[PDB]
Amino acid sequence: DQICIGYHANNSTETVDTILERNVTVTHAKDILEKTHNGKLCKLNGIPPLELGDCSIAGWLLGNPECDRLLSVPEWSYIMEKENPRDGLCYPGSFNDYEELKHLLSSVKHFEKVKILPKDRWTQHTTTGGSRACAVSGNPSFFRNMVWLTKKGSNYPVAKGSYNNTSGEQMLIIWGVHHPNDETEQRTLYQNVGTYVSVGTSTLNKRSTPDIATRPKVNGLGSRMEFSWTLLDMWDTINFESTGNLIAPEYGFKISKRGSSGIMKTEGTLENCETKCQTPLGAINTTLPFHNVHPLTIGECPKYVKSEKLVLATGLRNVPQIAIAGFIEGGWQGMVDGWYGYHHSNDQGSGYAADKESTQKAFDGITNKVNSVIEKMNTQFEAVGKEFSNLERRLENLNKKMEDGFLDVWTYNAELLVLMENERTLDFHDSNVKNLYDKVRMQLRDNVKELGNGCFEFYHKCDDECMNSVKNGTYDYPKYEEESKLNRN
Amino acid sequence: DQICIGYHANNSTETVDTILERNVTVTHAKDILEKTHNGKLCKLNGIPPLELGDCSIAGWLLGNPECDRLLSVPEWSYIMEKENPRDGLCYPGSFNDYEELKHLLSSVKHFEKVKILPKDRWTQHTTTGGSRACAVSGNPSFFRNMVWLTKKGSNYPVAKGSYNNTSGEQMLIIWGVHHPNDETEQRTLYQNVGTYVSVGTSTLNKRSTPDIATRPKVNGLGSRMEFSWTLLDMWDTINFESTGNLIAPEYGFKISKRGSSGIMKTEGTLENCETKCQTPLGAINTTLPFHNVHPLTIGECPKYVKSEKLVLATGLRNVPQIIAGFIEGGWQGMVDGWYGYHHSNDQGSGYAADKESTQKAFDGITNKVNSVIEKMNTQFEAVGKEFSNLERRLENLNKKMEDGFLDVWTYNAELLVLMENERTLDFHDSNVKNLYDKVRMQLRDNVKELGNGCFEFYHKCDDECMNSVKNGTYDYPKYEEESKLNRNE
Amino acid sequence: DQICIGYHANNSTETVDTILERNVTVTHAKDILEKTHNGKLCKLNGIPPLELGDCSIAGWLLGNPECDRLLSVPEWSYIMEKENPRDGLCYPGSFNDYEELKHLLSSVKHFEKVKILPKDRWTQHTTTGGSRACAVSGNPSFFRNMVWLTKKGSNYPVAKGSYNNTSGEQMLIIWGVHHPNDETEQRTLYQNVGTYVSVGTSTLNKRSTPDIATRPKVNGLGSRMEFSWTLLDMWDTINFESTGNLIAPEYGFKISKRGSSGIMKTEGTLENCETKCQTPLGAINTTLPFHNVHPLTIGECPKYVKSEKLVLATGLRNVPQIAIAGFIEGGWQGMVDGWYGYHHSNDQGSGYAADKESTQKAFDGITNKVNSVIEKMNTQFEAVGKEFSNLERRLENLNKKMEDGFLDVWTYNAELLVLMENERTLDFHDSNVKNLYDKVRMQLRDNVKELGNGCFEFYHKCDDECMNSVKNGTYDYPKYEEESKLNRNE
Ligand SMILES: CC(=O)N[C@H]1[C@H](O[C@@H]2[C@@H](O)[C@H](O)O[C@H](CO)[C@@H]2O)O[C@H](CO)[C@@H](O[C@@H]2O[C@H](CO[C@]3(C(=O)O)C[C@H](O)[C@@H](NC(C)=O)[C@H]([C@H](O)[C@H](O)CO)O3)[C@H](O)[C@H](O)[C@H]2O)[C@@H]1O
Ligand SMILES: CC(=O)N[C@H]1[C@H](O[C@@H]2[C@@H](O)[C@H](O)O[C@H](CO)[C@@H]2O)O[C@H](CO)[C@@H](O[C@@H]2O[C@H](CO[C@]3(C(=O)O)C[C@H](O)[C@@H](NC(C)=O)[C@H]([C@H](O)[C@H](O)CO)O3)[C@H](O)[C@H](O)[C@H]2O)[C@@H]1O
Ligand SMILES: CC(=O)N[C@H]1[C@H](O[C@@H]2[C@@H](O)[C@H](O)O[C@H](CO)[C@@H]2O)O[C@H](CO)[C@@H](O[C@@H]2O[C@H](CO[C@]3(C(=O)O)C[C@H](O)[C@@H](NC(C)=O)[C@H]([C@H](O)[C@H](O)CO)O3)[C@H](O)[C@H](O)[C@H]2O)[C@@H]1O
Ligand SMILES: *[C@@H]1O[C@H](CO)[C@@H](O)[C@H](O)[C@H]1NC(C)=O
Ligand SMILES: *[C@@H]1O[C@H](CO)[C@@H](O)[C@H](O)[C@H]1NC(C)=O
Ligand SMILES: *[C@@H]1O[C@H](CO)[C@@H](O)[C@H](O)[C@H]1NC(C)=O
Ligand SMILES: *[C@@H]1O[C@H](CO)[C@@H](O)[C@H](O)[C@H]1NC(C)=O
Ligand SMILES: *[C@@H]1O[C@H](CO)[C@@H](O)[C@H](O)[C@H]1NC(C)=O
Ligand SMILES: *[C@@H]1O[C@H](CO)[C@@H](O)[C@H](O)[C@H]1NC(C)=O
Ligand SMILES: *[C@@H]1O[C@H](CO)[C@@H](O)[C@H](O)[C@H]1NC(C)=O
Ligand SMILES: *[C@@H]1O[C@H](CO)[C@@H](O)[C@H](O)[C@H]1NC(C)=O
């Protein structure tokens with residue numbers, strides 16, 4: 001007596017945004033933005049990071065007496081460093097090309113300390129010099145990785161040292177120069193005035209001269225110490241020559257592991273976890289293509305956008321409004337086996353149903369849409385943090401401009417794409433329902449009476465079999481032609 | 001006995017383009033590209049700019065005698081400079097890290113001058129030197145903000161001078177070193193050979209030595225002056241030591257207000273006018289998201305693209321070729337809606353408008369336009385940087401980045417406008433067909449279709465009838481028997 | 001009598017992808033990505049490049065004896081260099097601002113060597129020194145474009161030299177400083193210790209001092225040579241002065257032409273062809289806006305993406321199967337005249353047809369869409385690739401990040417745009433067929449019997465003229481209204 005065509009409604013309350021309307025309630029929705037972390041600094045690929053504590057990279061490499069817990073350091077995934085470390089250079093001074101050194105350390109996962117110039121080889125000089133700035137238990141001391149050379153008796157002969165890199169990998173060597181505060185200091189320490197420090201390799205040639213002047217007091221001293229570094233290649237020799245003011249190295253750091261890493265600025269401590277993407281606030285465990293947790297990330301991470309919600313409409317519109325009418329008035333609550341379906345009402349009882357073909361096709365289409373949006377984003381290993389000195393403000397501003405531009409582009413594209421796709425899927429569902437209605441109408445032809453709310457009354461008597469035939473798409477119009485014709489007039 | 005469904009046409013001649021057609025006439029349109037400007041140089045947020053005129057930043061800071069009008073500069077919003085300033089370094093020479101100083105000046109306002117080393121403290125030297133390159137009224141002169149130390153009598157005692165920064169903010173200090181032309185000049189001015197100039201702070205350590213050589217004549221002189229600068233922190237000291245060739249400062253430059261600003265290269269003058277976005281050709285006053293006036297801007301300005309027109313379709317097509325309905329074309333009689341009815345019966349014809357559909361479509365189009373416009377992020381930013389003559393690669397990098405972003409935004413904006421125009425022009429047609437189908441479903445067999453846009457009834461149906469058809473409360477059973485009777489015959 | 005509305009099918013096997021479906025067979029497709037090249041290095045705009053071979057730029061400019069074939073070189077479009085050239089600085093040393101020199105010299109396209117300081121004017125010094133580091137036929141030699149000054153007898157007087165730039169354009173000048181190995185070498189070659197080299201222009205001002213120390217042996221020598229360069233403006237003067245350790249120039253390079261060029265790092269040889277875009281693997285000639293051959297290109301080249309397929313659907317969906325049914329049951333194979341058409345079966349004879357107005361409109365729309373996608377992308381001359389020193393790794397990382405970000409942006413945008421436009425095209429074709437069906441039905445009205453498979457069965461006897469009339473759009477309802485009513489009731 002009746003067969004109606006409609007769609008499915010539920011008790012959901014998820015709202016989605018569209019380029020034409022705002023706050024539209026849908027049956028189902030998928031979130032493609034991640035907003036949750038665990039709030040803990042954790043391991044990366046199972047390898048604990050290098051927790052420097054209150055030390056700095058220079059303090060670790062030079063061997064500050066307050067950083068004695070890092071004399072031997074195992075393999076690491078990344079480096080954790082405070083924004084303002086307290087234990088850096090105990091003796092005041094500088095460190096040439098510090099940022100380049102940090103960037104180099106952002107690509108090595110393990111070192112190996114090798115003794116290259118033993119302290120006992122300097123038989124003609126004093127090697128037991130220290131200062132009150134780097135004091136240990138009230139006694140003056142010095143760095144644990146470098147040697148301070150001083151006159152023995154009243155003579156300072158020319159000091160020579162060499163090292164042939166037979167270790168098996170690239171080696172990093174750090175030396176220093178000393179700038180005293182007065183000519184009295186220079187005479188007391190080296191016995192001669194007008195000295196030089198010469199360092200030379202196969203591709204490096206550097207000569208330095210000490211500067212003697214009165215400077216403001218830092219850590220109680222008016223003197224400074226300038227440190228420089230180099231990368232010694234395999235089977236390559238490095239030569240040291242100096243008449244005074246040479247802070248010679250005793251160890252060299254050879255690169256052993258090599259990989260991808262970075263420096264992260266936090267103020268926390270490592271805990272027991274395991275993650276793939278790490279942020280200064282916490283770790284991220286997701287498969288979504290976007291997130292808004294933090295811009296500075298280390299690892300394989302989703303894209304960062306400046307949005308608050310990015311929801312893709314998967315299901316139909318929720319119009320809870322409902323003999324029983326069809327899809328013109330609204331959705332159906334009693335149909336739970338699919339998306340688009342039927343309701344039949346004859347002399348053998350009423351009931352709902354579902355159309356498997358149309359629902360399956362729509363489901364496949366929506367799944368493919370979501371997959372196309374999600375799996376077309378390329379994810380790699382990147383470290384966003386970068387360090388620039390106070391004389392490189394233009395470079396820092398260029399970096400900041402690039403990051404801001406990329407962020408703006410991705411935010412705009414993501415938001416507009418979500419809005420347009422939501423509009424298209426909301427039109428897709430209505431098109432599907434109307435196509436089903438039109439197919440049923442063209443199959444039924446004049447044998448029925450289109451009421452106008454969404455369904456038809458038959459002009460004949462139809463049992464269950466004819467209802468299934470209409471639902472299955474195998475109506476036999478000529479069989480009921482004569483019977484249905486009589487009742488029309 | 002007729003009721004037609006159709007849309008609205010006028011005499012507008014605006015033109016829009018879509019992804020499938022070009023040069024399409026529409027009833028209404030919105031331009032989202034700004035192409036006009038005031039033509040003057042304005043004040044940004046009320047504050048007048050700093051007009052240097054014929055002077056450079058170096059000339060203003062060092063105190064060129066021809067820039068004596070800028071000795072007390074008030075608060076400024078941005079800096080106006082010429083491409084090739086005439087009045088810079090009157091005495092030939094160079095300025096170390098000039099572009100970094102300009103970049104620092106990009107983010108400072110008002111500024112304040114304090115005297116740190118009075119010219120009268122140098123009791124053991126001569127302080128009244130001058131040159132003909134910087135001459136006033138024919139007589140030789142020198143920079144206003146600097147002091148040239150020369151021997152007094154026949155001796156040049158060691159020169160010392162210190163300043164403790166108790167002003168209350170960071171400070172900018174500039175000093176210099178003199179490179180003479182021959183040894184006789186050196187002995188005439190300083191009485192000694194082999195001199196040095198040493199400058200030291202808590203984080204700076206610099207020693208410089210004069211170089212004496214024959215050089216080409218610039219402004220009549222074969223000698224040069226080299227200028228350097230530093231940023232002094234609060235409660236920090238700066239020390240000066242020299243045995244010759246020292247150009248000591250007298251005034252120390254102190255930062256008063258900070259913020260966002262920039263440097264604009266222009267050949268104009270300031271006029272009485274105000275804005276929030278500034279361009280070297282004029283001032284922009286618009287709310288649109290895109291503009292094409294000039295790539296270099298200072299302030300809160302729209303995105304710059306290389307396009308001539310970006311027009312959004314907010315209305316229907318103009319097809320006024322005609323009573324007939326929406327199949328043939330639009331109507332001119334409708335003046336209070338987009339979709340409506342024209343009715344014709346025994347008691348007088350006329351037009352009308354469907355309020356619900358028009359309101360829904362108007363809200364949708366307004367939401368679309370607002371979504372396109374309001375999703376753009378506008379923040380203060382100043383395009384334009386300076387690079388020296390040994391930094392071609394950095395300038396090329398900056399140019400490539402800006403060009404890439406420009407290309408991305410241009411392509412995105414054009415394609416988005418095309419696609420949205422196509423979507424809107426399909427949306428209107430779908431709305432009109434929806435109204436037609438709704439009316440047909442309500443009217444059912446009681447009427448006859450015409451393939452033109454309207455229906456001819458099978459009964460007599462007055463204004464209450466026709467309001468009900470427009471209202472949506474047509475009652476089928478009232479005329480079912482009457483309207484059937486005429487249909488068979 | 002019948003008239004069915006349908007579309008066109010063929011035997012194509014090309015497939016496109018959409019946002020809702022994958023591997024959809026289409027009648028006509030357009031590939032907008034270029035994947036092929038000629039595999040050879042050719043001339044840009046009809047001008048051969050500069051083939052350095054085994055000598056590097058520094059060795060070419062200094063005049064290394066092993067690349068004497070480059071003493072005079074003609075016009076060039078770009079430069080072909082090897083990744084690790086063999087003949088560079090024969091005498092071990094360094095070269096200041098080398099990358100800046102390469103970047104500047106990548107925009108020159110022609111030089112002109114000019115003798116600025118002849119070797120016969122040094123009448124108080126010995127100018128025949130040479131080394132075994134770069135020797136010819138077993139005898140010591142030196143760089144061809146530079147002069148090594150050594151003491152004459154037992155004296156080294158102060159050396160002075162100047163040049164005024166009257167050539168006509170900017171001129172490039174290179175000089176050097178020699179760093180000995182011990183004091184004995186210094187006293188043997190220059191007779192005094194504590195020397196300097198001073199170079200001065202209207203803008204430049206430089207003073208240098210040699211460094212004497214023991215260094216590891218490279219090419220058997222413990223000494224090094226340091227080279228510097230400058231640009232001399234028109235009507236400017238350059239001054240030289242030295243008490244020792246000066247490698248003076250003899251020639252100067254002036255800039256004849258100026259333009260767009262770059263440096264290619266390849267190990268191939270020039271062959272006879274001509275193109276507008278060049279890659280290290282080959283050359284590209286195309287009108288498509290995308291390619292995936294090689295990231296580093298020189299010329300006006302399409303955008304580079306990380307994709308393997310970018311196909312725009314131009315035609316219809318290809319459902320092969322089709323009394324003769326209409327567009328409900330599938331496409332039509334025998335209608336090779338257009339996209340949307342008809343089919344009739346009357347007494348006089350059956351046959352196919354093709355609607356002209358709808359097909360023309362659809363063709364114009366699709367062509368406009370393709371032209372909008374292609375022609376809106378701006379192509380400019382660009383040379384991708386920069387050289388950075390081993391102490392500027394941060395700048396190299398910055399450049400790499402910029403290039404990678406732009407590559408990802410363009411890749412994502414291109415793939416999503418293709419996926420979207422394919423869906424709109426496939427929906428557009430179905431909309432067109434539906435619109436034609438509805439137009440015929442509403443024009444032609446109750447005089448027929450809709451069959452539901454895509455066409456109608458006329459109730460009257462429609463001859464040919466009526467068939468062209470309904471196909472025309474000028475059907476006459478009142479003519480057959482009375483006759484149709486008679487048979488319909490029965
Ligand atoms: C080794 C020592 O005690 N040196 C001090 C020096 O001693 C003189 C000795 O050389 C001479 O033969 O005999 C006289 C007595 O007749 C002295 O014993 O005397 C100086 C004062 O005249 C000291 O001055 C003060 O030293 C302070 C700090 O000492 C340390 C430091 O903690 O920095 C430690 C060592 O003295 C020294 N390290 C060495 C030699 O390896 C360093 C050294 O001076 C650095 O170069 C400091 O820049 O200094 C303060 O530096 C204070 O300002 C200064 O007046 C000598 O310490
Ligand atoms: C103070 C003065 O006039 N000096 C000139 C010098 O005169 C001498 C006297 O001071 C000395 O005791 O005895 C000798 C004789 O034994 C002189 O009587 O004579 C020089 C030539 O022999 C001058 O040369 C010319 O100076 C020019 C520049 O003068 C200025 C200038 O206009 O730039 C200004 C000052 O006169 C001069 N000195 C100071 C302290 O400012 C400076 C200075 O010389 C340089 O400009 C900077 O180092 O320059 C031209 O430079 C010209 O080329 C040169 O021949 C002495 O000016
Ligand atoms: C001219 C010459 O033969 N010099 C070699 C020198 O002979 C001395 C001569 O200068 C002196 O007047 O008289 C004594 C005899 O009383 C000698 O005859 O002897 C040196 C060894 O003690 C040399 O040693 C080796 O030279 C190698 C290469 O030599 C050359 C070269 O081809 O690079 C030869 C050039 O004539 C010489 N001069 C010039 C102006 O180019 C250069 C020059 O020394 C370079 O600056 C080297 O840095 O060197 C190797 O250099 C090897 O290491 C060295 O031991 C003198 O070559
Ligand atoms: C949509 O709903 C949110 C609450 O989730 C509300 O803040 C916002 O104002 C709503 N927007 C409109 C246009 O009503
Ligand atoms: C350094 O050691 C390698 C291998 O033992 C050797 O070939 C090389 O000659 C050595 N270097 C020097 C300067 O002898
Ligand atoms: C559209 O009109 C403009 C001028 O209004 C004209 O320049 C252009 O050629 C026209 N486009 C076409 C396709 O005719
Ligand atoms: C500079 O002045 C501040 C003011 O309190 C003082 O603390 C500081 O010690 C002074 N500097 C020196 C070097 O005395
Ligand atoms: C039309 O609809 C409105 C709905 O508010 C109703 O108030 C009015 O009585 C209706 N009029 C007719 C003639 O149906
Ligand atoms: C599409 O076809 C290709 C071969 O042409 C095949 O590799 C791929 O798996 C197919 N994809 C789907 C979804 O069937
Ligand atoms: C260099 O030549 C130009 C033109 O011949 C001349 O004007 C200039 O004075 C010359 N330079 C010098 C230092 O004389
Ligand atoms: C078809 O329409 C065109 C329109 O001008 C007309 O010229 C032609 O005669 C028509 N054909 C028939 C068979 O009516």
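In what follows, chains are A, B, ... by sequence order, proteins preceding strands, each numbered from 1. Just so you know, ligand 1 is whichever comes first in the structure, and atom 1 is the first atom listed for that ligand. Just the heavy atoms: all of them, side chains too, but no hydrogens, waters or symmetry mates, feed the values below.
Inspection of the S223(C) and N181(C) side chains reveals no N or O donor paired with an N or O acceptor under 3.5 Å. In this structure, a donor-acceptor pair under 3.5 Å is absent between the side chains of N155(C) and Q191(C). When only modelled atom types and interatomic distance are considered, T166(B) and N164(B) share no side-chain donor-acceptor pair under 3.5 Å. Counted by atom type alone, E241(A) and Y196(A) present one or more donor-acceptor pairs between their side chains at under 3.5 Å. A donor and an acceptor atom, one from each side chain of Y156(C) and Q124(C), are nowhere located under 3.5 Å apart. Counted by atom type alone, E250(B) and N145(B) present zero donor-acceptor pairs between their side chains at under 3.5 Å. Donor-acceptor pairing under 3.5 Å is lacking for the side chains of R215(A) and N239(B). Looking at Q186(A) and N245(A), their side chains do bring a donor and an acceptor atom within 3.5 Å of each other.
Nearest protein heavy-atom contact of atom 32 (O) of ligand 3 is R132(C) N, 2.9 Å. Looking only at protein heavy atoms, the nearest one to atom 9 (C) of ligand 3 is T188(C) CG2, 4.8 Å. Scanning the protein for heavy atoms near atom 51 (O) of ligand 3, the closest one is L221(C) CD2, 3.4 Å.
Atoms of ligand 3 lying under 4.0 Å from at least one heavy atom of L189(C), given by number and element, are 38 (N), 40 (C), 46 (O). For ligand 3, the atoms lying closer than 4.0 Å to a non-hydrogen atom of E185(C) are 47 (C), 48 (O). Every atom of ligand 3 is numbered from 1 in the order shown, and the set under 4.0 Å from a heavy atom of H178(C) is 46 (O). Close approach of ligand 3 to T150(C) (heavy-atom distance below 4.0 Å) involves ligand atoms 40 (C).
When all heavy atoms of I238(B) and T230(B) are compared, the closest pair comes out as CD1-CG2, 3.9 Å. Shortest non-hydrogen contact noted between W122(A) and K160(A) is CZ3-O, 3.7 Å.
Considering only non-hydrogen atoms, atom 53 (O) of ligand 3 lies nearest to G220(C) out of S223(C), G220(C), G222(C). In the candidate list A133(C), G130(C), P92(C), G130(C) is nearest to atom 39 (C) of ligand 3, counting heavy atoms.
Under the 4.0 angstrom criterion for non-hydrogen atoms, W148(C) is in contact with ligand 3. At least one heavy atom of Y91(C) sits closer than 4.0 Å to an atom of ligand 3.
A salt bridge between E169(B) and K254(B) is absent, with no side-chain N of the basic residue lying under 4.0 Å from a carboxylate O of the acidic one.
For atom 47 (C) of ligand 3, the nearest protein heavy atom is under 4.0 Å away. Shown here, atom 35 (C) of ligand 3 is in close reach of the protein: a heavy atom of it lies under 4.0 Å off. Within 4.0 Å of atom 13 (O) of ligand 3, not a single protein heavy atom is present. For atom 16 (O) of ligand 3, no protein heavy-atom neighbour is found at a distance under 4.0 Å. For atom 21 (C) of ligand 3, no protein non-hydrogen atom is found at a distance below 4.0 Å.
For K113(B), the NZ atom sits in a packed shell: over 12 heavy atoms of surrounding residues, nucleotides or ligands are nearer than 6.0 Å.
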Ligand 5: protein N/O within less than 3.5 Å of ligand N/O:
residue, atom, partner, partner atom, Å
ligand 5, 2 (O), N164(A), ND2, 2.4
ligand 5, 11 (N), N164(A), ND2, 2.9

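Considering backbone and side-chain atoms alike, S131(C) places an N or O below 3.5 Å from some N or O of ligand 3.
How far CG of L246(A) is from CZ of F240(A): 7.5 Å, rounded to the nearest 0.5 Å.
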Derivation and outcome, side chain to side chain contact (heavy atoms under 4.5 Å, CB included), residues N390(C) and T203(A): CA-CA 11 Å; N390(C) 70 304; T203(A) 62; over 6 Å; no

